[PDB]
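# Architecture and fold: a report
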Amino acid sequence: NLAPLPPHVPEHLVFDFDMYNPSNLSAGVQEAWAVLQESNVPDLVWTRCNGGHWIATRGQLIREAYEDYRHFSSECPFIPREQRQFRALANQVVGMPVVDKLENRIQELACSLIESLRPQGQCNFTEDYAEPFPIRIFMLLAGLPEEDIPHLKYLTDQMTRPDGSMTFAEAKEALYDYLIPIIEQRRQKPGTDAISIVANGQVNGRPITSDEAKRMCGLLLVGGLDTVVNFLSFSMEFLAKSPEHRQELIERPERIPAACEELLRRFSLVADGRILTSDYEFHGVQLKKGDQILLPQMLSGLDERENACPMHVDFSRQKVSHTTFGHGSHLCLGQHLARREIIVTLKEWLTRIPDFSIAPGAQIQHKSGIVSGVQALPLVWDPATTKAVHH
Ligand code: HEM
Ligand SMILES: CC1(C)[C@@H]2CC[C@@]1(C)C(=O)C2
């Protein structure tokens, strides 16, 4: 599993961290990563795992590298292996103004999900709420029928969690097979939904091609799935384990957006990277062309150099700082929609199921990867203390 130490890596910089299976996984995935942020670890280290790659362990380095796109390419952001124009278009379809308009329907969606659970006194929140939410949101956002969810959720599940029935290419191809006819059909048309708007979008002074539309539509679908699913889960895990914070938000529901932000820092989950386009000396380390560098979005907000008592969750935290949504020219297009889903989920949950907790004897498991997450989250609660609220 350890790749041979390349000629240019000095030994004092070798810290073999497996981003797919960290040593302290059972303490929590963020805690497992924050081992890179111990006093004795350099700001920039080399791991021999996963082919051999760099890791920036600090907020300064992470931010700087995502700003320095000329040295640090997004051609290969995954370990192991006019953009502004495409972003402007995507932002037409998920920007704040679209999110603002949809809030109402996002809230209806959330409420019937929680309502269909509320009387149970128990659920697997990850499977029962968190999974079916962001996919349904995308259907809403994209004027797609609910009946299309089972086949569509299957394809996206194959890209990140294959059962072996489809290779990534096959699943990719089938997603496109599904999208193309809708794009071509709505291109002809003044539809106000997200596919229509992407379909009919202009790029480089010409119209977007069908191949380009299906590609952006594809990333909008898949980028807003596992991230949200897992982030919601970390958040609910925390609240389940912490009644004081649960009551804090019950007593002051206007604090919820600041909590969201604090939880985004504390339960950050994405770890992407870049590839060096040429040799480059960076913070006193010789990087070599072709080197891949992990630049863990997760780490910035957990760096004590950026937030005091980084592992402590405080909703009154004065200067919340994090790159949970990335940094630089690829900063998440879906962050606004994500925030809304987070806030809406918490408000609509808490005002319905104020008291709840982890099933007794169950131990929550985390997994670690590009998008870290939660295996399962069993909750229990007494239905007598819940309530119903309709829209
Ligand atoms: C809490 C949930 C989310 C987190 C933590 C998050 C995290 C991010 C991060 C860190 C990046 C940049 C990766 C890089 O620089 O290589 C990003 C990019 C992106 N995300 Fe988000 N994401 C979230 C939700 C969303 C949602 C809701 C959507 C779409 C609806 C979205 C779609 C995108 C797309 C299309 C990109 C690529 C932007 C570009 O390449 O220019 N993700 N995601
Ligand atoms: C890691 C991601 C899920 C996040 C959104 C899509 C994705 C593959 C990225 O490029 C950033």
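Further up the page is the structure itself.
Now for a look at the structure at hand. (Residues numbered from 1 in each chain as written, not as in the entry; some residues may be left out. Chains lettered and ligands numbered in written order. Heavy atoms only, no water. Residues with missing side-chain atoms left out of burial classes, pairs and counts.)

## With respect to the site of ligand 1
Convention followed: Proximity is defined per residue: if any heavy atom of the residue lies within 4 Å of a molecule or strand, that residue is considered near it. Polar contact is defined as a pair of N or O atoms within 3.5 Å, subject to the rule that within protein one atom must be able to donate a hydrogen and the other to accept it, and that residues adjacent in sequence are counted only when both atoms are side-chain atoms. Only DSSP runs of H or I reaching four residues or more are called helices, and only runs of E reaching two or more are called strands; each is numbered from the N terminus. Nonpolar residues are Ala, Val, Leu, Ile, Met, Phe, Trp, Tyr, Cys and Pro. Charged residues are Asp, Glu, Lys and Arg, and all others, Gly as well, are polar.
Within the structure, ligand 1 sits among 22 residues, and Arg87, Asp272, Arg274, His330 and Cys332 are positioned closest to it. Within the backbone of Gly223, a nitrogen or oxygen atom sits 3.1 Å from a nitrogen atom of ligand 1. Measuring from an oxygen atom of ligand 1, one finds a side-chain N or O atom of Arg274 at 2.8 Å. Mapped onto the shell around ligand 1, the elements with two or more residues apiece are α10 (210–223), β7 (272–276) and α15 (335–350). When residues in the shell around ligand 1 are grouped by element, the largest group, three residues, is from α10. Residue composition of the shell around ligand 1, grouped by class: ten nonpolar, nine polar and three charged.

## Regarding the nonpolar core
One broad trend across soluble globular proteins is that nonpolar side chains are buried collectively. Spelled out, the test is: Buried residues of nine kinds, namely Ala, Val, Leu, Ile, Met, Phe, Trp, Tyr and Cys, make up a nonpolar core once their side-chain atoms join them within 4.5 Å. Partly exposed residues are those whose accessible area sits between 20% and 50% of the maximum for their type, while under 20% is buried and over 50% is exposed, using a 1.4 Å probe and protein chains only. We call two residues in contact when some of their heavy atoms are within 4.5 Å.
Of all hydrophobic cores here, the largest spans 114 residues; its most connected members are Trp33, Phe125, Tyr129, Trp349, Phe356 and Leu379. Looking at this core element by element, the count peaks at nine residues for helix α11 (residues 226–241). The contact partners of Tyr129, leaving out residues within four places of it in the chain, are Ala110, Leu113, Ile114, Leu117, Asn124, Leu232, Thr345 and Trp349.

## Observations regarding the site of ligand 2
Put simply, the test is: Here the accessible surface of atoms and residues is derived via Shrake-Rupley with a 1.4 Å probe, and residues count as covered only by protein chains that are part of the display.
The environment of ligand 2 is formed by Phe78, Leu219, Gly223, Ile370 and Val371. Across the complex, the protein chains shield 66% of the 290 Å² of accessible surface that ligand 2 would expose by itself. Its residues assigned to classes, the shell around ligand 2 shows four nonpolar, one polar and no charged.

## A short note on the sheet that holds strand β14 (residues 378–380)
The criterion, for reference: Strand pairing follows a simple DSSP-based rule, namely that at least 2 bridges must link the two strands.
The three strands lie next to each other as β4-β14-β11, forming an open sheet whose pairing is antiparallel. The sheet is open, and its two edges are formed by β4 (122–124) and β11 (357–358), each paired on a single side. Sheet topology note: the β4/β14 ladder contains three bridges and is antiparallel. Bridging across to β14, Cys123 finds its partner in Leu379.

## Quick notes on the packing of aromatic side chains
To keep it simple, the criterion reads: Under the pairing criterion, centres of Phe, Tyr and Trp rings, with the six-membered ring standing for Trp, must be within 6.5 Å; the plane angle then separates stacked pairs below 30 degrees from edge-to-face pairs above 60, leaving the rest tilted.
Evaluated as defined, the whole model comprises 13 aromatic pairs. With centroids separated by 6.1 Å and ring planes inclined at 75°, the aromatic side chains of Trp349 and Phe356 adopt a geometry described as edge-to-face. The exposure classification of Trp349 matches that of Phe356, with both residues buried. Among the aromatic side chains, those forming a connected cluster through ring pairs are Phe125, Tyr129, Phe133, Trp349, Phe356 and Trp381.

## What about the coordination of the iron atom of ligand 1?
When four donors bind a metal tetrahedrally, each ideal donor-metal-donor angle is 109.5 degrees, and when six bind octahedrally, the ideal angles are 90 or 180 degrees. Which entries qualify depends on this criterion: Nitrogen, oxygen and sulfur within 2.8 Å of a metal are treated as its donors, or within 3.2 Å for sodium, potassium and calcium (Na, K, Ca); water is not counted, so a site can appear incomplete.
With respect to protein ligation, the iron atom of ligand 1 binds only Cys332 (SG), at 2.3 Å. Along the chain, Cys332 turns up in the loop between α14 (297–300) and α15.

## So, the environment of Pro378
Here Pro378 is to be found in strand β14. For the pair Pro378 and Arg84, spaced 294 residues apart in sequence, the C-alpha separation works out to 42 Å.

## Quick look at the packing of helix α8 (residues 168–187) against α10
Our working rule: To obtain an axis, a line is fitted to C-alpha atoms, over the contacting stretch when the element is a helix, and the angle between two such axes runs from 0 to 180 degrees between their N-to-C directions. Angle categories are assigned with fixed cut-offs, so that under 35 degrees is roughly parallel, over 145 is roughly antiparallel, 65 to 115 is roughly perpendicular, and the rest are oblique. By definition, any crossing whose near helix is turned counterclockwise from its far helix by less than a right angle is left-handed, and any crossing with a clockwise turn is right-handed.
The N-to-C vectors of α8 and α10 enclose an angle of 120°; their axes lie 9 Å apart at closest approach. What the angle tells us is that α8 and α10 run oblique. Handedness of the α8/α10 crossing: right-handed. Taking contact as the criterion, the partners of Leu175, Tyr176, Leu179, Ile180, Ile183, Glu184 and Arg187 in α8 are, on α10, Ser210, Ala213, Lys214, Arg215, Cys217, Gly218 and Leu221. Residue composition of the contact of α8 with α10, by class: eight nonpolar, two polar and four charged.

## Comments concerning the pattern of salt bridges
The line we're drawing: Note on definitions: salt bridges are taken to be side-chain nitrogens of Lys or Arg within 4 Å of carboxyl oxygens of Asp or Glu.
Counting across every chain of the model gives 30 salt bridges. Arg58 serves as the salt-bridge partner of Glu304, at 3.3 Å between the closest nitrogen and oxygen. You can call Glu304 partly exposed: its relative accessible area is 47%. A relative accessible area of 4% means that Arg58 is categorised as buried. Its salt-bridge partner being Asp100, residue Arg340 comes within 3.0 Å of it at the nearest N-O pair. In this pair, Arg340 sits in helix α15 while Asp100 sits in helix α4 (residues 96–117), placing the two residues 240 residues apart along the sequence. Relative accessible area serves as the criterion here: at 43%, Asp100 is assigned to the partly exposed category.

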